[PDB]
Amino acid sequence: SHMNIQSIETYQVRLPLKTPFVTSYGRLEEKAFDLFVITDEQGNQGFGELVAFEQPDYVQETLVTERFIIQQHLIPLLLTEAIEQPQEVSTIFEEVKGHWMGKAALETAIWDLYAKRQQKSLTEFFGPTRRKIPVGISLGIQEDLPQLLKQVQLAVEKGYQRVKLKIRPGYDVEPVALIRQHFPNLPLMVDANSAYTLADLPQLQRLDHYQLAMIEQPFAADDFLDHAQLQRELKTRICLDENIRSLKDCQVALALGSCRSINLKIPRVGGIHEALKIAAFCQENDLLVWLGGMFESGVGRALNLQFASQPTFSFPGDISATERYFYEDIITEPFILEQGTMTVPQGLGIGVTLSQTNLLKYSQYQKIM
Amino acid sequence: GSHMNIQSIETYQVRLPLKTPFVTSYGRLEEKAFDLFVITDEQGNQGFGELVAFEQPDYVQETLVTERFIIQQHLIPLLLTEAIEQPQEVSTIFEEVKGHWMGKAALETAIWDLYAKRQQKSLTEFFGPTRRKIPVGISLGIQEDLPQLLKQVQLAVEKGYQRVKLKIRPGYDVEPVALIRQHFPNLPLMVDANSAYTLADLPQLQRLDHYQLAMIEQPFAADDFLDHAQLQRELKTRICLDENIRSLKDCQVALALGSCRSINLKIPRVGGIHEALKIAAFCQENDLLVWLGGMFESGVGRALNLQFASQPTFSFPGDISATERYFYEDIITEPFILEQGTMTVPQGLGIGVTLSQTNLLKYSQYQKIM
């Protein structure tokens, strides 16, 4: 009675955004994502989400291309061997190069399935975990400092224990100074989104005076050497994102001295097994690791909350209630956020149940096998 | 004005019959599929480029179908946003697209070809010093029957090849190498490890260090820099990286970690000619032996490979062969000349080839994108 996949179903969902995306390729009025439902011989069902964007701006994977790699190469690989432990999936997919998000979509669903098989919450496989966890908040560029200061104040009023400010060349030292002045002990970090170059090192060093938790990806998404040049000169921890796809990338960053913090995203790293290996390595080498979001639906969000609930993830991550980005979700229950703290879903697997009514109005169904 | 006004873009999805079908985890492939792109300006000049990506993501992540999609959905629209004057502008235009190196190169290489023709020059006139004819190497798979192996090496040498590449595996390395170095103590020989080894096999690889090998290619994982550096520090022989080198920055990291002393360069894998030129230069500046690898290109990609590899910096013969070595027929009108291990570099404007309308009709599906 080993895990014997009876069927695989998928929903191509398009969830309306409260704030549509503007990309170099056009506008996006909704976040598109594919859901995968893997049913075993027992009737148990594992849920997974393909979160890849519709354009290769953040990273190379896109929804349409990963969707193809899943049906043409990954699913066939997944269906050849009987799986005993979810950790075996990463090994099974090993022969497929790249396509991390496509792998994660299927791999995370197998972990969910396995958990349900054991009649346990997936959290039971992540070692010690919290029931509720503080989450951070991120503010975009606010040229009107007074209003920005207003935002931080409301953030603190709502109990958020950490704040992230997006930053760019002509907007960094001034706004960070203002917030550090009105909030001396507030955990603060900045997000440079690759907006700087090595020539801006002088400017970036000024931030060392404001006790920031970290400065995220100031240089190119594919750079290690420039970041190392900066990290050597900074007391503040530099954080990498796009560049960290696996345990080995963390090992290369550590070797080069590229950073002292890692932004971890399960889909970007290919799944839970890889995310777990990366988190363990960061713990052993003083690399502050935290979890980031990717506009996931409730399916991916549930998993993020559970994974981020481990004590290790002490720095509040980028996780919010689904309604922060959407009007509705495709799962039946809402996540509860009270004073910057969210409850970690309990219940078998990821602890969420699909909303057939909403899936019916926002998605296209298809039985792969 | 001196800008290339693109009037039309045409594509051909080709499937060229292989003399030896591919065997993949997804099935046998009787032909090498690839897409050709033709970019015509207002003067009637036409640039040719090729999308070489395999039909499965086993070598590298890109696949023919997915890159084909990225090209029409993202790259072509981007390509058409500026009135391009210099081919170097393409890689900058494409910079915002993450990854998709092979898709980028397909169009980027066509623009270089178009520009050269526009300037009334052979593409070689843009690669600095270049040779008219160049020696190419030969590859040889695993051969447990040493006697025959020695026979094939004897054949290659008799045929003029000045370098041989042997596929190697954990229980098959020193044996065939020692045999060849004993019968050809002066022949340039390299070994392709195809990521079949692990760091624990160090002692076995060290034994190879005493056969004057030009290099040992990617003994460890395709995405590894650190294990390779550990090995490299223990060997006199040059370690060569491939899958892992997508840009100049990747070479900079490899050099900083001491991962290798040689680079397998493939234009498609690197995103085009511009990045390839930056990589070759950095290699020449840092004593990294660079050579051109192959990807079963049709005559379009092959013509470019010969022209780029003709630069004297590419001292080590690369994996470039006549199209006949892998295919029955080609989609260009003329076969490449190969005499005693030496191939003729295409002269003529751009990459110097003309498409075979007859063969394109036999082996491809046409589509006018713009």
# chains A, B, ... in the order shown; residues from 1 in each chain; ligands from 1
>>> closest_atom_pairs(of="chain A", to="chain B", cutoff="8 Å", atoms="only C-alpha atoms", output="CSV")
residue,atom,partner,partner_atom,distance
A:25,CA,B:74,CA,7.0
A:55,CA,B:74,CA,7.5
A:56,CA,B:97,CA,5.5
A:57,CA,B:97,CA,5.7
A:58,CA,B:98,CA,7.2
A:59,CA,B:98,CA,5.4
A:60,CA,B:98,CA,4.7
A:65,CA,B:66,CA,5.3
A:68,CA,B:66,CA,7.7
A:73,CA,B:26,CA,7.3
A:95,CA,B:58,CA,6.0
A:96,CA,B:57,CA,5.4
A:97,CA,B:61,CA,4.6
A:98,CA,B:61,CA,5.0
A:99,CA,B:61,CA,6.7
A:223,CA,B:249,CA,7.4
A:224,CA,B:253,CA,7.6
A:225,CA,B:253,CA,7.0
A:248,CA,B:224,CA,7.3
A:252,CA,B:226,CA,7.0
A:256,CA,B:257,CA,7.7
>>> residues_around(residues="residue 269 in chain A", least_positions_apart="4", cutoff="6 Å", atoms="only C-alpha atoms", output="MDAnalysis selection string")
chainID A and resid 100 245:246
>>> closest_atom_pairs(of="range 162-268 of chain A", to="range 128-136 of chain A", cutoff="12 Å", atoms="only C-alpha atoms", output="JSON lines")
{"residue": "A:162", "atom": "CA", "partner": "A:136", "partner_atom": "CA", "distance": 4.8}
{"residue": "A:163", "atom": "CA", "partner": "A:136", "partner_atom": "CA", "distance": 5.9}
{"residue": "A:164", "atom": "CA", "partner": "A:136", "partner_atom": "CA", "distance": 7.5}
{"residue": "A:165", "atom": "CA", "partner": "A:136", "partner_atom": "CA", "distance": 11.0}
{"residue": "A:186", "atom": "CA", "partner": "A:136", "partner_atom": "CA", "distance": 11.4}
{"residue": "A:187", "atom": "CA", "partner": "A:136", "partner_atom": "CA", "distance": 9.5}
{"residue": "A:188", "atom": "CA", "partner": "A:136", "partner_atom": "CA", "distance": 9.8}
{"residue": "A:189", "atom": "CA", "partner": "A:136", "partner_atom": "CA", "distance": 10.2}
>>> write_last_selection(atoms="C-alpha atoms", output="mmCIF file, in the first residue's frame")
data_model
loop_
_atom_site.group_PDB
_atom_site.id
_atom_site.type_symbol
_atom_site.label_atom_id
_atom_site.label_comp_id
_atom_site.auth_asym_id
_atom_site.auth_seq_id
_atom_site.Cartn_x
_atom_site.Cartn_y
_atom_site.Cartn_z
ATOM 1 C CA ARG A 162 9.221 44.502 11.728
ATOM 2 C CA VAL A 163 9.140 46.949 8.817
ATOM 3 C CA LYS A 164 10.643 46.775 5.323
ATOM 4 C CA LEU A 165 11.180 49.937 3.277
ATOM 5 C CA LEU A 186 11.822 49.189 15.645
ATOM 6 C CA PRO A 187 13.272 46.246 13.681
ATOM 7 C CA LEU A 188 13.899 47.856 10.298
ATOM 8 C CA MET A 189 15.204 46.503 6.997
#
>>> atom_distance(atom1="CA of residue 277 in chain A", atom2="CA of residue 247 in chain A")
6.4 Å
>>> residues_around(residues="range 319-325 of chain B", least_positions_apart="2", cutoff="9 Å", atoms="only C-alpha atoms", output="ChimeraX atom specification")
/B:19,136-139,291-299,302,305-306,309,317,327-330,335-338,343
>>> residues_around(residues="residue 6 in chain A", least_positions_apart="6", cutoff="8 Å", atoms="only C-alpha atoms", output="PyMOL selection string")
chain A and resi 38-41+369
>>> atom_distance(atom1="CA of residue 348 in chain A", atom2="CA of residue 303 in chain A")
11.7 Å
>>> select_by_dssp(residues="range 182-354 of chain A", states="alpha helix (DSSP H)", output="PyMOL selection string")
chain A and resi 182+201-205+225-233+247-256+272-284+298-308
>>> atom_distance(atom1="CA of residue 162 in chain B", atom2="CA of residue 285 in chain B")
25.0 Å
>>> decode(residues="range 84-118 of chain B", atoms="N, CA, C and O atoms", output="PDB file, in the first residue's frame")
ATOM      1  N   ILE B  84      17.447  49.733 -33.400  1.00  0.00           N
ATOM      2  CA  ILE B  84      18.809  49.251 -33.207  1.00  0.00           C
ATOM      3  C   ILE B  84      19.835  49.681 -34.249  1.00  0.00           C
ATOM      4  O   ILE B  84      19.622  49.531 -35.449  1.00  0.00           O
ATOM      5  N   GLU B  85      20.955  50.206 -33.769  1.00  0.00           N
ATOM      6  CA  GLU B  85      22.043  50.636 -34.636  1.00  0.00           C
ATOM      7  C   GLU B  85      23.230  49.688 -34.505  1.00  0.00           C
ATOM      8  O   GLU B  85      23.877  49.362 -35.494  1.00  0.00           O
ATOM      9  N   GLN B  86      23.504  49.244 -33.280  1.00  0.00           N
ATOM     10  CA  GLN B  86      24.616  48.333 -33.009  1.00  0.00           C
ATOM     11  C   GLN B  86      24.111  47.018 -32.399  1.00  0.00           C
ATOM     12  O   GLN B  86      23.306  47.031 -31.470  1.00  0.00           O
ATOM     13  N   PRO B  87      24.589  45.867 -32.907  1.00  0.00           N
ATOM     14  CA  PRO B  87      24.156  44.569 -32.377  1.00  0.00           C
ATOM     15  C   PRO B  87      24.373  44.380 -30.873  1.00  0.00           C
ATOM     16  O   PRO B  87      23.691  43.577 -30.243  1.00  0.00           O
ATOM     17  N   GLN B  88      25.311  45.127 -30.297  1.00  0.00           N
ATOM     18  CA  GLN B  88      25.578  45.029 -28.864  1.00  0.00           C
ATOM     19  C   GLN B  88      24.355  45.479 -28.062  1.00  0.00           C
ATOM     20  O   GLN B  88      24.195  45.114 -26.900  1.00  0.00           O
ATOM     21  N   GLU B  89      23.493  46.275 -28.686  1.00  0.00           N
ATOM     22  CA  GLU B  89      22.289  46.773 -28.030  1.00  0.00           C
ATOM     23  C   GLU B  89      21.276  45.680 -27.697  1.00  0.00           C
ATOM     24  O   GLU B  89      20.452  45.846 -26.798  1.00  0.00           O
ATOM     25  N   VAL B  90      21.327  44.567 -28.420  1.00  0.00           N
ATOM     26  CA  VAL B  90      20.377  43.498 -28.169  1.00  0.00           C
ATOM     27  C   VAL B  90      20.514  42.906 -26.774  1.00  0.00           C
ATOM     28  O   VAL B  90      19.531  42.842 -26.038  1.00  0.00           O
ATOM     29  N   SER B  91      21.721  42.481 -26.402  1.00  0.00           N
ATOM     30  CA  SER B  91      21.932  41.906 -25.069  1.00  0.00           C
ATOM     31  C   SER B  91      21.508  42.878 -23.965  1.00  0.00           C
ATOM     32  O   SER B  91      21.036  42.454 -22.914  1.00  0.00           O
ATOM     33  N   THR B  92      21.670  44.178 -24.194  1.00  0.00           N
ATOM     34  CA  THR B  92      21.250  45.156 -23.187  1.00  0.00           C
ATOM     35  C   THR B  92      19.717  45.193 -23.148  1.00  0.00           C
ATOM     36  O   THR B  92      19.117  45.206 -22.074  1.00  0.00           O
ATOM     37  N   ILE B  93      19.093  45.189 -24.325  1.00  0.00           N
ATOM     38  CA  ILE B  93      17.639  45.207 -24.430  1.00  0.00           C
ATOM     39  C   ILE B  93      17.047  43.981 -23.718  1.00  0.00           C
ATOM     40  O   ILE B  93      16.050  44.091 -23.018  1.00  0.00           O
ATOM     41  N   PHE B  94      17.680  42.827 -23.912  1.00  0.00           N
ATOM     42  CA  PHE B  94      17.255  41.549 -23.337  1.00  0.00           C
ATOM     43  C   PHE B  94      17.647  41.353 -21.876  1.00  0.00           C
ATOM     44  O   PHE B  94      17.226  40.386 -21.242  1.00  0.00           O
ATOM     45  N   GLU B  95      18.441  42.268 -21.336  1.00  0.00           N
ATOM     46  CA  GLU B  95      18.900  42.133 -19.960  1.00  0.00           C
ATOM     47  C   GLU B  95      17.781  41.951 -18.928  1.00  0.00           C
ATOM     48  O   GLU B  95      17.944  41.204 -17.969  1.00  0.00           O
ATOM     49  N   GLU B  96      16.640  42.606 -19.121  1.00  0.00           N
ATOM     50  CA  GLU B  96      15.566  42.470 -18.150  1.00  0.00           C
ATOM     51  C   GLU B  96      14.925  41.085 -18.145  1.00  0.00           C
ATOM     52  O   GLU B  96      14.240  40.733 -17.187  1.00  0.00           O
ATOM     53  N   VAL B  97      15.127  40.307 -19.207  1.00  0.00           N
ATOM     54  CA  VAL B  97      14.592  38.949 -19.233  1.00  0.00           C
ATOM     55  C   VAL B  97      15.591  38.098 -18.454  1.00  0.00           C
ATOM     56  O   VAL B  97      16.765  38.060 -18.796  1.00  0.00           O
ATOM     57  N   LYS B  98      15.140  37.435 -17.394  1.00  0.00           N
ATOM     58  CA  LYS B  98      16.038  36.593 -16.606  1.00  0.00           C
ATOM     59  C   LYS B  98      16.162  35.213 -17.269  1.00  0.00           C
ATOM     60  O   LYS B  98      15.172  34.667 -17.751  1.00  0.00           O
ATOM     61  N   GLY B  99      17.373  34.658 -17.304  1.00  0.00           N
ATOM     62  CA  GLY B  99      17.583  33.351 -17.919  1.00  0.00           C
ATOM     63  C   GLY B  99      17.312  33.309 -19.414  1.00  0.00           C
ATOM     64  O   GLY B  99      17.602  34.269 -20.128  1.00  0.00           O
ATOM     65  N   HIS B 100      16.757  32.196 -19.888  1.00  0.00           N
ATOM     66  CA  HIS B 100      16.426  32.017 -21.306  1.00  0.00           C
ATOM     67  C   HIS B 100      17.541  32.412 -22.262  1.00  0.00           C
ATOM     68  O   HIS B 100      17.314  33.061 -23.283  1.00  0.00           O
ATOM     69  N   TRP B 101      18.748  31.975 -21.919  1.00  0.00           N
ATOM     70  CA  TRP B 101      19.939  32.235 -22.704  1.00  0.00           C
ATOM     71  C   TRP B 101      19.795  31.744 -24.142  1.00  0.00           C
ATOM     72  O   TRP B 101      20.054  32.486 -25.081  1.00  0.00           O
ATOM     73  N   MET B 102      19.376  30.496 -24.321  1.00  0.00           N
ATOM     74  CA  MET B 102      19.253  29.965 -25.670  1.00  0.00           C
ATOM     75  C   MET B 102      18.226  30.696 -26.529  1.00  0.00           C
ATOM     76  O   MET B 102      18.417  30.843 -27.734  1.00  0.00           O
ATOM     77  N   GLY B 103      17.146  31.165 -25.912  1.00  0.00           N
ATOM     78  CA  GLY B 103      16.147  31.913 -26.656  1.00  0.00           C
ATOM     79  C   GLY B 103      16.709  33.266 -27.059  1.00  0.00           C
ATOM     80  O   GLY B 103      16.478  33.735 -28.176  1.00  0.00           O
ATOM     81  N   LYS B 104      17.447  33.899 -26.147  1.00  0.00           N
ATOM     82  CA  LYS B 104      18.066  35.198 -26.421  1.00  0.00           C
ATOM     83  C   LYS B 104      19.061  35.095 -27.573  1.00  0.00           C
ATOM     84  O   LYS B 104      19.044  35.907 -28.484  1.00  0.00           O
ATOM     85  N   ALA B 105      19.938  34.096 -27.515  1.00  0.00           N
ATOM     86  CA  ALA B 105      20.952  33.913 -28.547  1.00  0.00           C
ATOM     87  C   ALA B 105      20.372  33.716 -29.950  1.00  0.00           C
ATOM     88  O   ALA B 105      20.956  34.170 -30.938  1.00  0.00           O
ATOM     89  N   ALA B 106      19.237  33.029 -30.039  1.00  0.00           N
ATOM     90  CA  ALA B 106      18.603  32.771 -31.329  1.00  0.00           C
ATOM     91  C   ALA B 106      18.354  34.071 -32.105  1.00  0.00           C
ATOM     92  O   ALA B 106      18.615  34.145 -33.300  1.00  0.00           O
ATOM     93  N   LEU B 107      17.874  35.096 -31.414  1.00  0.00           N
ATOM     94  CA  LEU B 107      17.591  36.383 -32.051  1.00  0.00           C
ATOM     95  C   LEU B 107      18.817  37.290 -32.081  1.00  0.00           C
ATOM     96  O   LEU B 107      19.046  38.007 -33.061  1.00  0.00           O
ATOM     97  N   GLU B 108      19.597  37.256 -30.999  1.00  0.00           N
ATOM     98  CA  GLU B 108      20.795  38.083 -30.881  1.00  0.00           C
ATOM     99  C   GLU B 108      21.814  37.718 -31.965  1.00  0.00           C
ATOM    100  O   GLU B 108      22.448  38.599 -32.553  1.00  0.00           O
ATOM    101  N   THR B 109      21.965  36.428 -32.242  1.00  0.00           N
ATOM    102  CA  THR B 109      22.911  36.004 -33.268  1.00  0.00           C
ATOM    103  C   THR B 109      22.432  36.426 -34.656  1.00  0.00           C
ATOM    104  O   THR B 109      23.243  36.721 -35.527  1.00  0.00           O
ATOM    105  N   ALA B 110      21.114  36.449 -34.857  1.00  0.00           N
ATOM    106  CA  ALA B 110      20.550  36.849 -36.142  1.00  0.00           C
ATOM    107  C   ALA B 110      20.777  38.343 -36.390  1.00  0.00           C
ATOM    108  O   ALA B 110      20.990  38.768 -37.529  1.00  0.00           O
ATOM    109  N   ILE B 111      20.722  39.136 -35.324  1.00  0.00           N
ATOM    110  CA  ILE B 111      20.933  40.571 -35.442  1.00  0.00           C
ATOM    111  C   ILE B 111      22.386  40.863 -35.819  1.00  0.00           C
ATOM    112  O   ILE B 111      22.649  41.766 -36.604  1.00  0.00           O
ATOM    113  N   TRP B 112      23.326  40.105 -35.256  1.00  0.00           N
ATOM    114  CA  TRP B 112      24.732  40.298 -35.584  1.00  0.00           C
ATOM    115  C   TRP B 112      24.936  39.985 -37.061  1.00  0.00           C
ATOM    116  O   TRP B 112      25.656  40.693 -37.770  1.00  0.00           O
ATOM    117  N   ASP B 113      24.303  38.909 -37.520  1.00  0.00           N
ATOM    118  CA  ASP B 113      24.416  38.507 -38.912  1.00  0.00           C
ATOM    119  C   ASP B 113      23.843  39.593 -39.827  1.00  0.00           C
ATOM    120  O   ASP B 113      24.442  39.940 -40.852  1.00  0.00           O
ATOM    121  N   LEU B 114      22.690  40.138 -39.442  1.00  0.00           N
ATOM    122  CA  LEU B 114      22.028  41.187 -40.214  1.00  0.00           C
ATOM    123  C   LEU B 114      22.899  42.436 -40.297  1.00  0.00           C
ATOM    124  O   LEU B 114      23.069  43.017 -41.369  1.00  0.00           O
ATOM    125  N   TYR B 115      23.444  42.846 -39.156  1.00  0.00           N
ATOM    126  CA  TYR B 115      24.290  44.028 -39.094  1.00  0.00           C
ATOM    127  C   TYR B 115      25.527  43.884 -39.973  1.00  0.00           C
ATOM    128  O   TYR B 115      25.879  44.805 -40.706  1.00  0.00           O
ATOM    129  N   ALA B 116      26.191  42.735 -39.897  1.00  0.00           N
ATOM    130  CA  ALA B 116      27.384  42.501 -40.699  1.00  0.00           C
ATOM    131  C   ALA B 116      27.058  42.612 -42.192  1.00  0.00           C
ATOM    132  O   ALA B 116      27.771  43.284 -42.946  1.00  0.00           O
ATOM    133  N   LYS B 117      25.980  41.963 -42.617  1.00  0.00           N
ATOM    134  CA  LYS B 117      25.574  42.011 -44.018  1.00  0.00           C
ATOM    135  C   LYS B 117      25.295  43.456 -44.420  1.00  0.00           C
ATOM    136  O   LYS B 117      25.659  43.896 -45.510  1.00  0.00           O
ATOM    137  N   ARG B 118      24.666  44.189 -43.507  1.00  0.00           N
ATOM    138  CA  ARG B 118      24.325  45.587 -43.700  1.00  0.00           C
ATOM    139  C   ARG B 118      25.587  46.427 -43.897  1.00  0.00           C
ATOM    140  O   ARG B 118      25.584  47.417 -44.632  1.00  0.00           O
TER     141      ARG B 118
END
